[PDB]
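> below you'll find the sequence and an experimental structure to go with it.
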Amino acid sequence: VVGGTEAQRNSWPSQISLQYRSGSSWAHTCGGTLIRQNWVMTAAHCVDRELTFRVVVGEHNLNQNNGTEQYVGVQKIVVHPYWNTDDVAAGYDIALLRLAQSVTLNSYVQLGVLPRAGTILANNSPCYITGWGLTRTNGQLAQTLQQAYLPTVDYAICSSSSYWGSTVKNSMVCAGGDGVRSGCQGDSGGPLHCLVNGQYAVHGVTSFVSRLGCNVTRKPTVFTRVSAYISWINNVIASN
Ligand SMILES: *[C][C@](*)([N]C(=O)[C]([C])[N]C(=O)OC([C])([C])[C])N(*)(*)(*)(*)[C@](*)(*)=O
Ligand SMILES: [Ca+2]
């Protein structure tokens, strides 16, 4: 997250860190959202490589024991049927990960609330992005979870010429674009939390930023719109 502030430990308990095995250690590569005790939602492009993956829930400082983490393996990866690696602008950047065991819920580990199917937010709706991604374009990862206030940019504005044009589709949510705050590499797969009827719900899965940089004016961070995929999500959990 560029232009973030550090999050409190218990503020976003459905956030997870998706990590892959890297020699004798594990390395953060993406975020995700815990949606069931044994299912995580993340972006399909985070699991394009055929690596060994684990999920860490109750995480706050990547490099330190916090006394709250649980570590669990990924047993099955279901990416969207229509995802295409060579075409992230087409959408469908979403995947669900079945965990090897069910995690224990507590004040640090909770399920993410999903929106109702079809829900579209009004422009400039209050949302927060969270993650351990780069804190500057071409910088390095954060050690502790960061958050940034990122209001939505609706489809009509985001698909206009000066913003993303044809690259953004209506299956996506745009948020931010002020040139200071944004998602960045390593935040991919993570939540966009938006306040709706006094409750935070996860309306986006972080998908992409500009090739020019993470925080670029009029190039808001782009998210997979979760409410376009509620039927698919529920069909996969009900049979896997
Ligand atoms: C999948 C991708 N993640 C990264 O690019 C990672 C987290 N960045 C990284 O490993 O650190 C340096 C900057 C290469 C040292 N994008 C979305 O999360
Ligand atoms: Ca830790």
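Thanks, I have the structure now. Numbers count the residues shown, from 1 in each chain. Ligands and ions are numbered 1, 2, ... in the order given.

> residues from the chain in reach of ligand 1?
Counting by Cβ under 6 Å from any ligand atom, the chain comes close to ligand 1 at 28-30, 46, 133-134, 140-141, 185-188. Heads up, the C-betas are built off the backbone N, CA and C, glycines and all.

> now, these that are in helices?
Assignment to helices by DSSP state H places none of those there.

> dump the residue contacts of the residue nearest the centre of the chain.
Using Cα atoms, centre = their mean, the residue of the chain that lies closest to the mean C-alpha position is residue 190, 1.5 Å off. Listed by Cβ atoms under 8 Å, 6 or more residues apart in numbering, the contact partners of residue 190 are 15, 30-33, 42, 129-131, 133, 183, 205-206.

> try 7 Å
15, 31-32, 130-131, 206 (Cβ atoms under 7 Å, 6 or more residues apart in numbering).

> give me the nearest residue to it, chain neighbours excluded.
residue 31 (2.6 Å; Cβ to Cβ, 6 or more residues apart in numbering).

> so residue 227: helix, strand or coil?
helix (DSSP: H, G, I helix; E, B strand; the rest coil).

> buried set for the longest helix seen in the chain?
The helix spanning the most residues in the chain, taking DSSP H as the definition, is helix 230-237. Going by neighbour count (16 or more other Cβ atoms under 10 Å), the buried part of helix 230-237 is 232-233, 236.

> ok so, going back, just give me the closest of the contacts of residue 190 to ligand 2.
residue 15 (12.6 Å; Cβ to the ion).

> any idea how far that closest one lies from ligand 1?
Using Cβ to the nearest ligand atom, to the nearest Å, one gets 13 Å for the distance from residue 15 to ligand 1.

> residues touching that residue, list them.
Residues in contact with residue 15, defined by Cβ under 7 Å, 6+ apart, are 31, 33, 130, 145, 190-191.
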